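A.B. asks: My structure is in protein13.txt, and what it holds is compact mmCIF, C-alpha atoms:
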```
# COMPACT_ATOMS: atom_id res chain seq x y z
CA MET A 1 261.10 12.47 91.40
CA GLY A 2 259.22 13.21 94.68
CA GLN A 3 256.13 14.92 93.20
CA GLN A 4 252.51 14.33 94.39
CA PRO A 5 250.21 13.62 91.30
CA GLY A 6 246.44 14.32 91.04
CA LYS A 7 245.65 10.57 90.97
CA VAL A 8 241.89 10.35 91.85
CA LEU A 9 239.38 12.77 93.49
CA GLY A 10 236.51 10.39 94.42
CA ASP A 11 232.76 9.86 93.70
CA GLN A 12 231.27 12.41 91.19
CA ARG A 13 228.15 13.03 89.02
CA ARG A 14 227.58 11.85 85.39
CA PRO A 15 228.28 14.41 82.52
CA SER A 16 226.85 14.15 78.93
CA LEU A 17 229.71 13.75 76.36
CA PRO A 18 228.48 11.67 73.28
CA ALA A 19 231.69 9.88 72.09
CA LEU A 20 231.29 8.81 68.40
CA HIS A 21 233.84 7.30 65.93
CA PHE A 22 233.71 5.14 62.73
CA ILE A 23 236.39 3.60 60.39
CA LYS A 24 236.52 0.54 58.03
CA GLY A 25 238.33 -1.94 60.35
CA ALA A 26 237.43 -5.63 59.70
CA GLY A 27 239.02 -8.80 58.18
CA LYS A 28 239.61 -12.09 60.08
CA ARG A 29 239.70 -15.81 59.06
CA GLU A 30 238.83 -18.15 61.94
CA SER A 31 237.78 -20.80 59.38
CA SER A 32 237.54 -24.64 59.15
CA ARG A 33 235.48 -27.48 57.52
CA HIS A 34 232.58 -29.72 58.73
CA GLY A 35 231.05 -31.18 55.54
CA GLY A 36 227.63 -32.70 54.77
CA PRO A 37 227.95 -35.02 51.66
CA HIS A 38 225.22 -34.86 48.89
CA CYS A 39 224.26 -33.13 45.52
CA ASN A 40 226.37 -30.28 43.96
CA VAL A 41 225.53 -26.70 42.84
CA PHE A 42 228.23 -24.51 41.08
CA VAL A 43 230.76 -22.90 43.52
CA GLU A 44 234.40 -23.51 44.80
CA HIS A 45 236.22 -24.12 48.20
CA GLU A 46 236.92 -26.96 50.78
CA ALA A 47 234.51 -29.16 52.89
CA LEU A 48 232.40 -32.00 51.35
CA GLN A 49 228.84 -30.58 51.17
CA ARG A 50 228.47 -29.52 47.52
CA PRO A 51 231.15 -30.68 44.93
CA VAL A 52 232.99 -27.89 43.02
CA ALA A 53 232.01 -26.17 39.73
CA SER A 54 233.87 -28.60 37.36
CA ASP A 55 235.54 -25.69 35.42
CA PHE A 56 237.84 -24.93 38.40
CA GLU A 57 239.15 -27.54 40.88
CA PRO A 58 241.42 -25.82 43.53
CA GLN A 59 240.12 -28.08 46.41
CA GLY A 60 237.30 -30.13 44.77
CA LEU A 61 234.30 -29.16 47.01
CA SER A 62 232.45 -26.03 48.30
CA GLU A 63 231.19 -25.06 51.80
CA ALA A 64 233.90 -23.03 53.66
CA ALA A 65 233.36 -20.01 51.27
CA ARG A 66 229.70 -19.68 52.45
CA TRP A 67 229.75 -21.24 55.97
CA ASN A 68 233.09 -22.19 57.65
CA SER A 69 231.38 -21.88 61.12
CA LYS A 70 229.43 -25.17 60.51
CA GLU A 71 231.95 -26.96 62.86
CA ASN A 72 231.13 -24.32 65.57
CA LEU A 73 227.50 -25.54 65.08
CA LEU A 74 228.14 -28.81 67.00
CA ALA A 75 231.24 -27.50 68.87
CA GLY A 76 229.13 -27.42 72.07
CA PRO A 77 230.72 -25.09 74.74
CA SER A 78 233.68 -22.83 73.74
CA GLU A 79 237.25 -24.07 72.88
CA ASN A 80 238.39 -24.53 76.57
CA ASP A 81 236.59 -21.76 78.56
CA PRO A 82 232.70 -22.20 78.86
CA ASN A 83 232.16 -18.34 79.27
CA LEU A 84 234.07 -17.28 76.08
CA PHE A 85 232.10 -14.91 73.73
CA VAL A 86 232.25 -14.10 69.96
CA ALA A 87 231.65 -10.89 67.89
CA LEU A 88 228.45 -11.00 65.73
CA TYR A 89 229.42 -7.80 63.88
CA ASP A 90 232.57 -5.77 63.24
CA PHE A 91 232.13 -2.72 65.53
CA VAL A 92 234.25 0.44 65.71
CA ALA A 93 235.05 1.96 69.13
CA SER A 94 232.83 5.08 69.53
CA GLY A 95 235.23 6.40 72.24
CA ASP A 96 238.66 5.51 73.74
CA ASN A 97 236.83 3.75 76.64
CA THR A 98 235.02 1.49 74.11
CA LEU A 99 236.66 -1.29 71.99
CA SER A 100 236.93 -1.97 68.24
CA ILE A 101 235.97 -5.65 67.59
CA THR A 102 236.55 -7.68 64.41
CA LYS A 103 233.65 -9.76 62.97
CA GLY A 104 233.73 -13.45 64.05
CA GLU A 105 236.45 -12.90 66.71
CA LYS A 106 236.37 -14.81 70.04
CA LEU A 107 236.37 -12.10 72.79
CA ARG A 108 235.85 -12.13 76.60
CA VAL A 109 233.06 -10.26 78.47
CA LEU A 110 233.91 -9.25 82.06
CA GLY A 111 230.56 -7.64 82.99
CA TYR A 112 227.64 -5.55 81.60
CA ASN A 113 226.54 -2.02 82.64
CA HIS A 114 223.52 -0.85 84.76
CA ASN A 115 220.97 -1.49 81.88
CA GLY A 116 222.93 -4.33 80.16
CA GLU A 117 223.55 -2.61 76.77
CA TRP A 118 227.44 -2.64 77.04
CA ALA A 119 230.15 -4.92 78.58
CA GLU A 120 233.78 -4.40 79.65
CA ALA A 121 235.44 -6.75 77.10
CA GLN A 122 238.84 -7.77 75.70
CA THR A 123 239.91 -8.61 72.12
CA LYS A 124 243.33 -9.20 70.44
CA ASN A 125 242.86 -5.50 69.45
CA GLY A 126 242.99 -4.54 73.21
CA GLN A 127 240.49 -3.67 76.01
CA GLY A 128 237.25 -1.60 76.26
CA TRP A 129 233.43 -1.68 76.39
CA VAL A 130 231.46 -3.45 73.56
CA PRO A 131 227.59 -3.71 73.27
CA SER A 132 225.46 -6.94 73.88
CA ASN A 133 223.81 -6.60 70.42
CA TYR A 134 227.23 -6.84 68.60
CA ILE A 135 228.36 -9.96 70.62
CA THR A 136 227.00 -13.31 71.97
CA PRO A 137 228.50 -16.36 73.95
CA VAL A 138 230.10 -19.18 71.79
CA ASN A 139 227.56 -21.44 73.63
CA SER A 140 224.64 -19.76 71.71
CA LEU A 141 222.90 -20.25 68.33
CA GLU A 142 223.08 -16.45 67.69
CA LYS A 143 226.82 -16.73 66.77
CA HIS A 144 225.68 -18.37 63.50
CA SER A 145 224.76 -16.14 60.51
CA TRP A 146 221.44 -18.01 59.88
CA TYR A 147 220.09 -17.28 63.43
CA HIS A 148 218.79 -13.67 63.30
CA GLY A 149 216.40 -13.86 66.30
CA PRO A 150 213.56 -11.17 66.27
CA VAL A 151 212.58 -11.22 62.53
CA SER A 152 209.13 -10.66 60.95
CA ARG A 153 208.34 -12.66 57.75
CA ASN A 154 208.74 -9.44 55.62
CA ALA A 155 212.23 -8.94 57.17
CA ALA A 156 212.95 -12.64 56.28
CA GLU A 157 211.86 -11.92 52.64
CA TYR A 158 214.27 -8.94 52.75
CA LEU A 159 217.04 -11.25 54.14
CA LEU A 160 216.45 -13.82 51.32
CA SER A 161 215.85 -11.16 48.55
CA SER A 162 219.50 -11.62 47.46
CA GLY A 163 219.55 -15.29 48.66
CA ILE A 164 220.75 -18.10 46.30
CA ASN A 165 219.35 -21.65 45.76
CA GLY A 166 219.49 -23.34 49.20
CA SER A 167 219.72 -20.09 51.27
CA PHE A 168 218.27 -20.33 54.82
CA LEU A 169 217.78 -18.66 58.20
CA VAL A 170 216.14 -19.29 61.58
CA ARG A 171 213.93 -16.48 62.89
CA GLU A 172 212.16 -16.17 66.25
CA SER A 173 208.99 -14.06 66.68
CA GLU A 174 209.61 -10.96 68.85
CA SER A 175 205.80 -10.90 69.42
CA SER A 176 205.76 -14.69 70.28
CA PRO A 177 208.98 -15.95 72.16
CA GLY A 178 209.86 -19.63 71.46
CA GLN A 179 208.00 -19.67 68.09
CA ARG A 180 210.61 -20.15 65.33
CA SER A 181 210.72 -20.79 61.58
CA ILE A 182 213.36 -21.85 58.99
CA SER A 183 212.99 -19.56 55.95
CA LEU A 184 214.64 -21.59 53.13
CA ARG A 185 214.85 -20.02 49.64
CA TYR A 186 215.35 -22.55 46.81
CA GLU A 187 214.52 -22.30 43.01
CA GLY A 188 213.92 -18.53 43.53
CA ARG A 189 211.04 -19.09 46.04
CA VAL A 190 211.21 -18.43 49.83
CA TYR A 191 209.61 -21.30 51.82
CA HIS A 192 208.90 -21.22 55.62
CA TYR A 193 209.10 -24.31 57.88
CA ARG A 194 207.87 -24.47 61.51
CA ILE A 195 210.39 -25.27 64.26
CA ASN A 196 208.05 -27.16 66.61
CA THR A 197 209.33 -26.94 70.20
CA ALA A 198 208.50 -30.17 72.14
CA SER A 199 207.33 -29.83 75.80
CA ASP A 200 210.71 -31.02 77.30
CA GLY A 201 212.62 -28.46 75.13
CA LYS A 202 213.44 -30.46 71.93
CA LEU A 203 213.38 -28.71 68.47
CA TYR A 204 212.10 -30.27 65.20
CA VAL A 205 210.65 -29.20 61.83
CA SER A 206 209.67 -32.83 61.06
CA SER A 207 207.61 -35.05 63.46
CA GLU A 208 209.86 -38.05 62.58
CA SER A 209 213.19 -36.35 63.55
CA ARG A 210 213.23 -34.64 67.02
CA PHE A 211 216.60 -33.22 68.21
CA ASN A 212 217.77 -31.95 71.64
CA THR A 213 219.17 -28.70 70.09
CA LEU A 214 218.41 -26.43 67.08
CA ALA A 215 222.17 -26.96 66.32
CA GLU A 216 221.38 -30.68 65.62
CA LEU A 217 218.25 -29.53 63.64
CA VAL A 218 220.36 -27.38 61.25
CA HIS A 219 223.12 -30.08 61.03
CA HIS A 220 220.72 -32.95 60.16
CA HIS A 221 218.76 -30.73 57.73
CA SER A 222 222.02 -29.40 56.07
CA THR A 223 223.26 -33.00 55.54
CA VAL A 224 219.85 -34.35 54.26
CA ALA A 225 216.57 -32.92 52.77
CA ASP A 226 214.69 -34.29 55.93
CA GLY A 227 211.31 -32.35 55.40
CA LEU A 228 212.87 -29.38 53.61
CA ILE A 229 212.66 -28.75 49.82
CA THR A 230 216.52 -29.03 49.87
CA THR A 231 219.50 -29.28 52.27
CA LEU A 232 220.38 -26.10 54.30
CA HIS A 233 223.09 -24.88 51.89
CA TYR A 234 223.85 -21.13 52.38
CA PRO A 235 223.22 -19.20 55.69
CA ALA A 236 221.68 -15.72 55.16
CA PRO A 237 223.84 -13.07 57.07
CA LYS A 238 222.69 -10.40 59.61
CA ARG A 239 220.47 -7.54 58.25
CA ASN A 240 221.01 -4.44 60.47
CA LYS A 241 223.97 -3.34 62.61
CA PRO A 242 221.89 -2.01 65.64
CA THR A 243 222.31 1.80 66.00
CA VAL A 244 223.65 2.73 69.47
CA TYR A 245 222.79 6.36 70.53
CA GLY A 246 225.06 8.71 72.56
CA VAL A 247 225.99 6.15 75.28
CA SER A 248 228.83 6.47 77.75
CA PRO A 249 228.78 2.64 78.33
CA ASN A 250 229.25 2.57 82.16
CA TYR A 251 232.22 4.91 82.35
CA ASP A 252 231.83 8.16 84.26
CA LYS A 253 234.12 7.06 87.16
CA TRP A 254 235.07 3.56 85.81
CA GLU A 255 238.66 2.28 86.38
```
Would you give me this structure, written as structure tokens?
C.D. replies:
Amino acid sequence: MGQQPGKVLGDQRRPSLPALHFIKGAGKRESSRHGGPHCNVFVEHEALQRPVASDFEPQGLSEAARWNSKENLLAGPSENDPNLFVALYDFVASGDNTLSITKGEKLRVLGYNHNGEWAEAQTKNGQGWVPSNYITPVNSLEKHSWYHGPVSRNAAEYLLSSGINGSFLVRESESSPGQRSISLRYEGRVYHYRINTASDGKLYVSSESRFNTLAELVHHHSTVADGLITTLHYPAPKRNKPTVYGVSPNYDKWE
């Protein structure tokens, strides 16, 4: 059919249409085992960290029900591609031009917008823009539930208010970059340990055990009690899903 379509005009101005949409769309298991052999508590799954509650024995241990991502801790770079990202939160596409991401899914960022709030990204769900604050590279510490980043001590109390025996998190001070703490709740009390950053860039709570990465810090301190009251048992999850206001991500003209 020899008809001439209205394909594309050219360069235009930016209008103000606030695209907004929500729906309950999450549920993915990218799950495995790492272990960390020592004392038990009273819970059931795979991975030799804490032995099972002796009433039920479906697998014999317990870790993967609380933290399956413990093998992504010392995974290093991503599975094959060093620039692969992962979804921190399950996010619903606000518009058609944005993308619905599932929590814990490995997705690919292509590039951020003018102010770096949103990125053209691709999931198994399709294509579209997703925000920085709902994703992170698989190379980072942020991909782990325990790492919350900018958290005041009161917000860490709030995080560990519903925390069990051995619950933990790493916070960084928004008011003091580089200064970090491990808030570990055990026996119904929240304790706070200093992550001392050595001059060359090493991390350590304890002066005796200095690691290259905070990943090795959490590993070594989840296997053994190394200056903690107990082993890093349960990672405290994220507190807030960051509220994004009225954004067209980059797309006014975007192809």
A.B. asks: If you measure from atom CA of residue 169 of chain A to atom CA of residue 156 of chain A, what distance in Å do you get, rounded to one decimal?
C.D. replies: 8.0 Å
A.B. asks: Counting only C-alpha atoms, which of A:82, A:137, A:18, A:10 gets nearest to residue 106 of chain A?
C.D. replies: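 Answer, going by the shortest atom-to-atom distance: A:137.
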A.B. asks: Work out how far atom CA of residue 245 of chain A is from atom CA of residue 97 of chain A, in Å to one decimal.
C.D. replies: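 Between atom CA of residue 97 of chain A and atom CA of residue 245 of chain A the gap is 15.5 Å.
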A.B. asks: Find the residues around residue 183 of chain A up to 7 Å (all atoms listed in the file counted), leave out those fewer than 4 positions away in its own chain, and share them as an NGL selection string.
C.D. replies: :A and (156 or 168-170 or 190-193)
A.B. asks: Mind writing the picked residues with C-alpha atoms as an mmCIF file, keeping the file's coordinate frame?
C.D. replies:
```cif
data_model
loop_
_atom_site.group_PDB
_atom_site.id
_atom_site.type_symbol
_atom_site.label_atom_id
_atom_site.label_comp_id
_atom_site.auth_asym_id
_atom_site.auth_seq_id
_atom_site.Cartn_x
_atom_site.Cartn_y
_atom_site.Cartn_z
ATOM 1 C CA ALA A 156 212.950 -12.640 56.280
ATOM 2 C CA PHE A 168 218.270 -20.330 54.820
ATOM 3 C CA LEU A 169 217.780 -18.660 58.200
ATOM 4 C CA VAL A 170 216.140 -19.290 61.580
ATOM 5 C CA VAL A 190 211.210 -18.430 49.830
ATOM 6 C CA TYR A 191 209.610 -21.300 51.820
ATOM 7 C CA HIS A 192 208.900 -21.220 55.620
ATOM 8 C CA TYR A 193 209.100 -24.310 57.880
#
```
A.B. asks: Could you tell me how far atom CA of residue 102 of chain A sits from atom CA of residue 90 of chain A, in Å to one decimal place?
C.D. replies: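 These atoms are spaced 4.6 Å apart.
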A.B. asks: Can you pull out the residues contacting residue 71 of chain A? Cut-off 8 Å, using all atoms listed in the file, and skip same-chain residues under 5 positions away; I want them as a VMD selection string.
C.D. replies: chain A and resid 32 to 34
A.B. asks: Go through A:41, A:73, A:8, A:182 and flag the residue nearest residue 149 of chain A, using only C-alpha atoms for the distances.
C.D. replies: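 Ranking A:41, A:73, A:8, A:182 by distance to residue 149 of chain A, first place goes to A:182.
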A.B. asks: Take segment 106-139 of chain A from the preceding structure and save N, CA, C and O atoms as a PDB file, in the first residue's frame.
C.D. replies:
```pdb
ATOM      1  N   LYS A 106      18.140  -9.437  37.581  1.00  0.00           N
ATOM      2  CA  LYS A 106      19.309  -8.903  36.880  1.00  0.00           C
ATOM      3  C   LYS A 106      18.842  -8.227  35.579  1.00  0.00           C
ATOM      4  O   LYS A 106      18.365  -8.895  34.664  1.00  0.00           O
ATOM      5  N   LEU A 107      18.987  -6.904  35.515  1.00  0.00           N
ATOM      6  CA  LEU A 107      18.537  -6.076  34.370  1.00  0.00           C
ATOM      7  C   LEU A 107      19.722  -5.284  33.796  1.00  0.00           C
ATOM      8  O   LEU A 107      20.786  -5.223  34.413  1.00  0.00           O
ATOM      9  N   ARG A 108      19.554  -4.680  32.611  1.00  0.00           N
ATOM     10  CA  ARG A 108      20.658  -3.988  31.926  1.00  0.00           C
ATOM     11  C   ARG A 108      20.313  -2.520  31.674  1.00  0.00           C
ATOM     12  O   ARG A 108      19.329  -2.219  30.995  1.00  0.00           O
ATOM     13  N   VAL A 109      21.132  -1.623  32.254  1.00  0.00           N
ATOM     14  CA  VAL A 109      21.048  -0.170  32.045  1.00  0.00           C
ATOM     15  C   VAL A 109      21.857   0.225  30.805  1.00  0.00           C
ATOM     16  O   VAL A 109      22.993  -0.226  30.614  1.00  0.00           O
ATOM     17  N   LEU A 110      21.243   1.072  29.978  1.00  0.00           N
ATOM     18  CA  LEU A 110      21.775   1.495  28.676  1.00  0.00           C
ATOM     19  C   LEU A 110      22.292   2.937  28.761  1.00  0.00           C
ATOM     20  O   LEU A 110      23.254   3.304  28.078  1.00  0.00           O
ATOM     21  N   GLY A 111      21.646   3.741  29.625  1.00  0.00           N
ATOM     22  CA  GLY A 111      22.089   5.110  29.894  1.00  0.00           C
ATOM     23  C   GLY A 111      21.075   5.896  30.710  1.00  0.00           C
ATOM     24  O   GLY A 111      19.864   5.724  30.518  1.00  0.00           O
ATOM     25  N   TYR A 112      21.565   6.794  31.592  1.00  0.00           N
ATOM     26  CA  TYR A 112      20.711   7.647  32.446  1.00  0.00           C
ATOM     27  C   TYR A 112      20.294   8.925  31.701  1.00  0.00           C
ATOM     28  O   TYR A 112      20.796   9.224  30.609  1.00  0.00           O
ATOM     29  N   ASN A 113      19.353   9.654  32.306  1.00  0.00           N
ATOM     30  CA  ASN A 113      18.805  10.907  31.757  1.00  0.00           C
ATOM     31  C   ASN A 113      19.690  12.111  32.155  1.00  0.00           C
ATOM     32  O   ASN A 113      20.732  11.939  32.797  1.00  0.00           O
ATOM     33  N   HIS A 114      19.237  13.316  31.771  1.00  0.00           N
ATOM     34  CA  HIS A 114      19.960  14.596  31.976  1.00  0.00           C
ATOM     35  C   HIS A 114      20.401  14.850  33.444  1.00  0.00           C
ATOM     36  O   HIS A 114      21.463  15.431  33.671  1.00  0.00           O
ATOM     37  N   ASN A 115      19.583  14.417  34.428  1.00  0.00           N
ATOM     38  CA  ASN A 115      19.881  14.620  35.873  1.00  0.00           C
ATOM     39  C   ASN A 115      20.186  13.291  36.597  1.00  0.00           C
ATOM     40  O   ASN A 115      20.414  13.292  37.810  1.00  0.00           O
ATOM     41  N   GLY A 116      20.198  12.169  35.840  1.00  0.00           N
ATOM     42  CA  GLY A 116      20.613  10.867  36.370  1.00  0.00           C
ATOM     43  C   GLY A 116      19.670  10.248  37.396  1.00  0.00           C
ATOM     44  O   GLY A 116      20.128   9.536  38.296  1.00  0.00           O
ATOM     45  N   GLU A 117      18.359  10.533  37.282  1.00  0.00           N
ATOM     46  CA  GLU A 117      17.330   9.887  38.120  1.00  0.00           C
ATOM     47  C   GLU A 117      16.861   8.563  37.485  1.00  0.00           C
ATOM     48  O   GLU A 117      16.543   7.632  38.204  1.00  0.00           O
ATOM     49  N   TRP A 118      16.781   8.515  36.136  1.00  0.00           N
ATOM     50  CA  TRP A 118      16.178   7.372  35.378  1.00  0.00           C
ATOM     51  C   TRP A 118      17.095   6.896  34.247  1.00  0.00           C
ATOM     52  O   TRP A 118      17.826   7.696  33.670  1.00  0.00           O
ATOM     53  N   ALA A 119      16.990   5.598  33.898  1.00  0.00           N
ATOM     54  CA  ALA A 119      17.842   4.929  32.892  1.00  0.00           C
ATOM     55  C   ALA A 119      17.004   4.096  31.935  1.00  0.00           C
ATOM     56  O   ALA A 119      16.128   3.364  32.378  1.00  0.00           O
ATOM     57  N   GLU A 120      17.321   4.167  30.630  1.00  0.00           N
ATOM     58  CA  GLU A 120      16.738   3.272  29.632  1.00  0.00           C
ATOM     59  C   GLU A 120      17.262   1.865  29.939  1.00  0.00           C
ATOM     60  O   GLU A 120      18.468   1.641  29.886  1.00  0.00           O
ATOM     61  N   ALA A 121      16.373   0.950  30.331  1.00  0.00           N
ATOM     62  CA  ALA A 121      16.769  -0.374  30.842  1.00  0.00           C
ATOM     63  C   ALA A 121      15.902  -1.477  30.249  1.00  0.00           C
ATOM     64  O   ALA A 121      14.821  -1.221  29.716  1.00  0.00           O
ATOM     65  N   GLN A 122      16.400  -2.714  30.348  1.00  0.00           N
ATOM     66  CA  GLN A 122      15.725  -3.902  29.816  1.00  0.00           C
ATOM     67  C   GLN A 122      15.704  -5.035  30.851  1.00  0.00           C
ATOM     68  O   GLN A 122      16.735  -5.372  31.457  1.00  0.00           O
ATOM     69  N   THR A 123      14.493  -5.572  31.062  1.00  0.00           N
ATOM     70  CA  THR A 123      14.226  -6.753  31.887  1.00  0.00           C
ATOM     71  C   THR A 123      13.654  -7.881  31.011  1.00  0.00           C
ATOM     72  O   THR A 123      13.404  -7.691  29.813  1.00  0.00           O
ATOM     73  N   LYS A 124      13.380  -9.038  31.643  1.00  0.00           N
ATOM     74  CA  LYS A 124      12.691 -10.174  30.985  1.00  0.00           C
ATOM     75  C   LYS A 124      11.210  -9.811  30.747  1.00  0.00           C
ATOM     76  O   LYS A 124      10.510 -10.469  29.981  1.00  0.00           O
ATOM     77  N   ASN A 125      10.762  -8.756  31.454  1.00  0.00           N
ATOM     78  CA  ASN A 125       9.418  -8.175  31.338  1.00  0.00           C
ATOM     79  C   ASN A 125       9.312  -7.271  30.088  1.00  0.00           C
ATOM     80  O   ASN A 125       8.202  -6.995  29.620  1.00  0.00           O
ATOM     81  N   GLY A 126      10.473  -6.803  29.553  1.00  0.00           N
ATOM     82  CA  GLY A 126      10.494  -5.978  28.330  1.00  0.00           C
ATOM     83  C   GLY A 126      11.538  -4.861  28.383  1.00  0.00           C
ATOM     84  O   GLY A 126      12.646  -5.062  28.883  1.00  0.00           O
ATOM     85  N   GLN A 127      11.170  -3.675  27.863  1.00  0.00           N
ATOM     86  CA  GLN A 127      12.062  -2.496  27.757  1.00  0.00           C
ATOM     87  C   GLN A 127      11.365  -1.261  28.366  1.00  0.00           C
ATOM     88  O   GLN A 127      10.128  -1.216  28.442  1.00  0.00           O
ATOM     89  N   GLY A 128      12.164  -0.274  28.805  1.00  0.00           N
ATOM     90  CA  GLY A 128      11.638   0.993  29.318  1.00  0.00           C
ATOM     91  C   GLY A 128      12.535   1.589  30.394  1.00  0.00           C
ATOM     92  O   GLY A 128      13.452   0.925  30.891  1.00  0.00           O
ATOM     93  N   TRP A 129      12.259   2.839  30.764  1.00  0.00           N
ATOM     94  CA  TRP A 129      13.062   3.586  31.744  1.00  0.00           C
ATOM     95  C   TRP A 129      12.745   3.150  33.191  1.00  0.00           C
ATOM     96  O   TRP A 129      11.581   2.995  33.562  1.00  0.00           O
ATOM     97  N   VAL A 130      13.808   2.938  34.002  1.00  0.00           N
ATOM     98  CA  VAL A 130      13.706   2.591  35.438  1.00  0.00           C
ATOM     99  C   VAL A 130      14.666   3.503  36.240  1.00  0.00           C
ATOM    100  O   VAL A 130      15.752   3.830  35.751  1.00  0.00           O
ATOM    101  N   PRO A 131      14.284   3.945  37.471  1.00  0.00           N
ATOM    102  CA  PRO A 131      15.084   4.917  38.235  1.00  0.00           C
ATOM    103  C   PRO A 131      16.300   4.289  38.989  1.00  0.00           C
ATOM    104  O   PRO A 131      16.217   3.154  39.477  1.00  0.00           O
ATOM    105  N   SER A 132      17.428   5.059  39.024  1.00  0.00           N
ATOM    106  CA  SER A 132      18.675   4.770  39.781  1.00  0.00           C
ATOM    107  C   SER A 132      18.440   4.176  41.185  1.00  0.00           C
ATOM    108  O   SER A 132      19.102   3.227  41.589  1.00  0.00           O
ATOM    109  N   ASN A 133      17.489   4.771  41.906  1.00  0.00           N
ATOM    110  CA  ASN A 133      17.223   4.482  43.332  1.00  0.00           C
ATOM    111  C   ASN A 133      16.408   3.184  43.548  1.00  0.00           C
ATOM    112  O   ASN A 133      16.139   2.805  44.691  1.00  0.00           O
ATOM    113  N   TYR A 134      16.019   2.521  42.443  1.00  0.00           N
ATOM    114  CA  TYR A 134      15.342   1.199  42.463  1.00  0.00           C
ATOM    115  C   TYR A 134      16.238   0.102  41.854  1.00  0.00           C
ATOM    116  O   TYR A 134      15.832  -1.067  41.794  1.00  0.00           O
ATOM    117  N   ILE A 135      17.449   0.488  41.399  1.00  0.00           N
ATOM    118  CA  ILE A 135      18.452  -0.434  40.816  1.00  0.00           C
ATOM    119  C   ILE A 135      19.863  -0.135  41.381  1.00  0.00           C
ATOM    120  O   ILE A 135      20.059   0.837  42.111  1.00  0.00           O
ATOM    121  N   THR A 136      20.812  -1.025  41.081  1.00  0.00           N
ATOM    122  CA  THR A 136      22.254  -0.827  41.344  1.00  0.00           C
ATOM    123  C   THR A 136      23.039  -1.859  40.490  1.00  0.00           C
ATOM    124  O   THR A 136      22.460  -2.883  40.132  1.00  0.00           O
ATOM    125  N   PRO A 137      24.344  -1.634  40.117  1.00  0.00           N
ATOM    126  CA  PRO A 137      25.167  -2.695  39.465  1.00  0.00           C
ATOM    127  C   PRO A 137      25.321  -3.944  40.380  1.00  0.00           C
ATOM    128  O   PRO A 137      25.243  -3.835  41.607  1.00  0.00           O
ATOM    129  N   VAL A 138      25.534  -5.127  39.769  1.00  0.00           N
ATOM    130  CA  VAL A 138      25.785  -6.392  40.516  1.00  0.00           C
ATOM    131  C   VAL A 138      27.217  -6.383  41.134  1.00  0.00           C
ATOM    132  O   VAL A 138      27.588  -7.239  41.941  1.00  0.00           O
ATOM    133  N   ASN A 139      28.001  -5.372  40.752  1.00  0.00           N
ATOM    134  CA  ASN A 139      29.367  -5.143  41.255  1.00  0.00           C
ATOM    135  C   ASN A 139      29.347  -4.504  42.670  1.00  0.00           C
ATOM    136  O   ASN A 139      30.343  -4.568  43.401  1.00  0.00           O
TER     137      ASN A 139
END
```
